[PDB]
Amino acid sequence: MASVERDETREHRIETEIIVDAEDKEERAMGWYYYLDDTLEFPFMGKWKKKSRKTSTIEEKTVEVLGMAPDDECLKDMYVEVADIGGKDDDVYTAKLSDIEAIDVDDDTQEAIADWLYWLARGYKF
Ligand SMILES: [Ca+2]
Ligand SMILES: [Ca+2]
């Protein structure tokens, strides 16, 4: 639980659109995956604020975000394909959406990310 709520409007829009028929874990994951992709307008630039290896601290890296991972990944958690801008600029990886923040993106893309970060802080429902 966390108080990451402007009002119960978010909970009701999750309930009446994203997960309305979903409660089996695969459906919960797919409901989130479908509406998050559709809201996000990839490609976009972001910071991979990777949870550190040392502690609950952050090891940031600057990345280009190509798209959400396959549905085969997105059954377990929200994930995104990413390419390192910092040095490689020629190779690709995958990151949790839970460890990404967008940079200079449109409002709808940024809202999907912020809303997912609220769900992350809330402690999930699947
Ligand atoms: Ca069901
Ligand atoms: Ca889309």
# chains A, B, ... in the order shown; residues from 1 in each chain; ligands from 1
>>> closest_atom_pairs(of="chain A", to="ligand 1", cutoff="10 Å", atoms="only C-alpha atoms and all ligand atoms", output="JSON lines")
{"residue": "A:19", "atom": "CA", "partner": "ligand 1", "partner_atom_place_in_ligand_line": "1 (Ca)", "distance": 9.3}
{"residue": "A:20", "atom": "CA", "partner": "ligand 1", "partner_atom_place_in_ligand_line": "1 (Ca)", "distance": 8.8}
{"residue": "A:21", "atom": "CA", "partner": "ligand 1", "partner_atom_place_in_ligand_line": "1 (Ca)", "distance": 5.2}
{"residue": "A:22", "atom": "CA", "partner": "ligand 1", "partner_atom_place_in_ligand_line": "1 (Ca)", "distance": 4.8}
{"residue": "A:23", "atom": "CA", "partner": "ligand 1", "partner_atom_place_in_ligand_line": "1 (Ca)", "distance": 5.3}
{"residue": "A:24", "atom": "CA", "partner": "ligand 1", "partner_atom_place_in_ligand_line": "1 (Ca)", "distance": 5.5}
{"residue": "A:25", "atom": "CA", "partner": "ligand 1", "partner_atom_place_in_ligand_line": "1 (Ca)", "distance": 9.0}
{"residue": "A:26", "atom": "CA", "partner": "ligand 1", "partner_atom_place_in_ligand_line": "1 (Ca)", "distance": 9.3}
{"residue": "A:27", "atom": "CA", "partner": "ligand 1", "partner_atom_place_in_ligand_line": "1 (Ca)", "distance": 6.9}
{"residue": "A:28", "atom": "CA", "partner": "ligand 1", "partner_atom_place_in_ligand_line": "1 (Ca)", "distance": 8.8}
>>> residues_near_ligand(ligand="ligand 2", cutoff="7 Å", atoms="only C-alpha atoms and all ligand atoms", output="ChimeraX atom specification")
/A:37-42
>>> atom_distance(atom1="atom CA of residue A:2", atom2="atom CA of residue A:113")
16.9 Å
>>> residues_around(residues="residue A:59", least_positions_apart="4", cutoff="12 Å", atoms="only C-alpha atoms", output="ChimeraX atom specification")
/A:47-55,99-100
>>> select_by_dssp(residues="stretch 14-102 of chain A", states="strand (DSSP E)", output="PyMOL selection string")
chain A and resi 44-51+58-68+79-84+93-96+100-102
>>> closest_residue(among="A:64, A:17, A:108, A:77", to="residue A:90", atoms="only C-alpha atoms")
A:64
>>> residues_around(residues="residue A:89", least_positions_apart="4", cutoff="12 Å", atoms="only C-alpha atoms", output="PyMOL selection string")
chain A and resi 62-65+82-85+93
>>> select_by_dssp(residues="stretch 8-51 of chain A", states="alpha helix (DSSP H)", output="JSON, numbers by chain")
{"A": [9, 10, 11, 12, 13, 25, 26, 27, 28, 29, 30, 31, 32, 33, 34, 35, 36, 37, 38, 39]}
>>> closest_residue(among="A:61, A:123, A:91, A:13", to="residue A:45", atoms="only C-alpha atoms")
A:61
>>> atom_distance(atom1="atom CA of residue A:15", atom2="atom CA of residue A:111")
16.9 Å
